[PDB]
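Note that these values count all heavy atoms, side chains included, but never hydrogens, waters or copies made by symmetry. Order of listing sets the numbers, starting from 1, for every ligand and every atom in it. One-based numbering along the sequence shown.
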Amino acid sequence: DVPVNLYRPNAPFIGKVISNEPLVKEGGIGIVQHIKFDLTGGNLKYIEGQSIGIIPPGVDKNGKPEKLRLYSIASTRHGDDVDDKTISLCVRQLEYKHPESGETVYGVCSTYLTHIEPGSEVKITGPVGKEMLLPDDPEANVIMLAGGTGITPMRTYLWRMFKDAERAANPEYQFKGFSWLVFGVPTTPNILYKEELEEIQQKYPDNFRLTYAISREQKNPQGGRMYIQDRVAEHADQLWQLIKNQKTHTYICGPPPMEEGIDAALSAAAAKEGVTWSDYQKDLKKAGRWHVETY
Ligand SMILES: Cc1cc2nc3c(=O)[nH]c(=O)nc-3n(C[C@H](O)[C@H](O)[C@H](O)COP(=O)(O)OP(=O)(O)OC[C@H]3O[C@@H](n4cnc5c(N)ncnc54)[C@H](O)[C@@H]3O)c2cc1C
């Protein structure tokens, strides 16, 4: 059923870049690009929540070919144009400090991708992953906790749930549950897919709630910069109440350090009802209702 590894590193699918557009608006921090690839000529198929590998050209400092880097798929199974002909990615250009051999360091694969030109051929592998799949039940509740590019799998879920063209193409999935996205980024211009996310909330006020944690524009009750963990603590009781439903699924995607604060928040909420979150969570994971993908 679930498509997986239709293409592997030894014989990748050679796709062509259709478009490469900026997602970080003026005044934002960093570079994050939405890149769409043409899948025609191959049989790569995928579903929401999966990832694909990209093999960048060139060799590493040791002279060996570069290995693949995984990227969460940003598009639904049908592609952004709902034509079953493309696949998209949401790629941040990795760049960091000086104390790392030299002065400025740019990630190999992410810099290759963010600067790639339309028409270029790219080596693609996958799809991969069964840990971040969306339930087929249209009545399920879906909690999405995302940091930065962690928004990516969430975009695939939300588009499938709320885009007009998606609903028309998926007669078997007419979402009527409740979805809540808590999205943490440093600035408003850094709110990836902002316009479309807010459009969805305006059209489906009873099925989608959007909450932002904007660090450079908001402060938590302690006076520190606002991060996703702070919003989760602020809404811990509401989130725990939703999590208690047998049909609720939670997805966490973003930096590894985000998990600790989220668990501490939910632990305090669950404790009010005599429940130890760490134990309840273990059962949720075993039931496949607690999905995590951090990097
Ligand atoms: C399942 C999964 C999904 C992912 N999804 C996405 C996605 O949707 N979008 C996206 O942009 N990325 C995603 N990533 C990360 C992505 O795979 C690559 O790791 C990322 O693009 C960086 O690779 P690079 O080629 O830029 O860097 P490399 O060239 O491999 O450089 C990385 C290396 O440099 C060092 N390094 C990195 N950051 C720092 C720092 N701050 N300080 C010091 N040293 C550092 C480490 O040694 C690290 O191994 C995902 C990762 C996984 C595992």
Side-chain angles (χ1 to χ4, degrees), residues 2-5 9 12 17 20-24 28-37 46-76 79-80 86-116 122-134 144-159 181 183-186 190-193 197 251-259 290-295:
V2 178
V4 55
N5 301 313
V17 177
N20 180 353
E21 301 298 332
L23 292 174
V24 177
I29 299 173
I31 294 175
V32 185
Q33 306 289 117
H34 191 77
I35 314 171
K36 187 169 67 184
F37 310 82
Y46 57 99
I47 59 175
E48 305 70 30
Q50 295 188 298
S51 304
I52 51 163
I54 294 293
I55 302 172
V59 297
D60 55 32
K61 62 175 61 182
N62 301 305
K64 302 301 298 299
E66 289 286 354
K67 296 293 180 58
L68 70 84
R69 269 71 159 175
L70 290 175
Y71 291 95
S72 303
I73 297 171
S75 55
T76 71
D80 294 333
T86 75
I87 187 169
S88 298
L89 297 183
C90 176
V91 187
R92 169 198 300 288
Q93 180 178 201
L94 175 63
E95 60 180 61
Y96 51 98
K97 56 184 180 180
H98 300 298
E100 285 297 300
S101 302
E103 186 179 60
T104 295
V105 185
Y106 290 110
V108 176
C109 201
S110 66
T111 297
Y112 158 66
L113 284 168
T114 56
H115 293 295
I116 201 162
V122 182
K123 293 180 181 182
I124 299 169
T125 65
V128 305
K130 297 194 180 183
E131 163 70 359
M132 301 287 282
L133 302 183
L134 190 69
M144 300 163 276
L145 309 182
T149 53
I151 187 65
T152 308
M154 320 307 191
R155 181 180 187 273
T156 75
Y157 311 146
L158 292 170
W159 269 218
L181 170 66
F183 188 23
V185 293
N190 276 97
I191 297 169
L192 309 173
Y193 310 110
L197 290 172
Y251 300 78
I252 297 184
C253 193
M258 72 184 281
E259 297 187 65
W290 187 261
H291 311 81
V292 183
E293 187 135 73
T294 58
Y295 54 83

S.K.: Give a yes-or-no answer on whether the side chains of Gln93 and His115 include a donor-acceptor pair shorter than 3.5 Å.
M.R.: yes
S.K.: Does the N or O separation between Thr111 and ligand 1 drop below 3.5 Å for any pair?
M.R.: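 No, no N or O pair falls under 3.5 Å.
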S.K.: Kindly state if atom 19 (O) of ligand 1 has a protein heavy atom within a strict 4.0 Å cut-off, that is, under 4.0 Å?
M.R.: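 No.
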S.K.: With no hydrogens and no angle check, just 3.5 Å: does a side-chain donor-acceptor pair link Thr149 and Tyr295?
M.R.: yes
S.K.: Within the structure, does at least one protein heavy atom fall under 4.0 Å of atom 48 (C) of ligand 1?
M.R.: no
S.K.: Select the closest option to atom 24 (P) of ligand 1 among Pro99, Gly107, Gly53, judged by heavy-atom distance.
M.R.: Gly107
S.K.: Which class fits the ring pair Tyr251 and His291: parallel under 30°, tilted 30 to 60°, perpendicular over 60°?
M.R.: parallel
S.K.: For atom 51 (C) of ligand 1, decide whether some protein heavy-atom distance is shorter than 4.0 Å.
M.R.: yes
S.K.: Please say whether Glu293 places an N or O atom under 3.5 Å from an N or O atom belonging to ligand 1.
M.R.: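 In fact, backbone or side chain, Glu293 has no N or O that close.
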S.K.: Report yes if some N/O of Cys109 lies less than 3.5 Å from some N/O of ligand 1; otherwise report no.
M.R.: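 Between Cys109 and ligand 1 (N or O atoms, distance only) the closest approach is under 3.5 Å.
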S.K.: May I ask which of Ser72, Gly148, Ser51 has a heavy atom nearer to atom 8 (O) of ligand 1 than the others do?
M.R.: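 It is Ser72 whose heavy atom sits nearest to atom 8 (O) of ligand 1.
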S.K.: Counting only non-hydrogen atoms of the protein, does one fall under 4.0 Å from atom 14 (N) of ligand 1?
M.R.: yes
S.K.: Checking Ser75 against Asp80: is there a side-chain donor and acceptor pair closer than 3.5 Å?
M.R.: no
S.K.: Any idea which part of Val108 is under 4.0 Å from ligand 1, heavy-atom wise: side chain, backbone, both or neither?
M.R.: both
S.K.: Heavy-atom distance under 4.5 Å between the side chains of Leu133 and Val2, does that happen here?
M.R.: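 In short, these two side chains touch, coming nearer than 4.5 Å.
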S.K.: Right, does atom 44 (N) of ligand 1 have protein non-hydrogen atoms nearer than 4.0 Å?
M.R.: yes
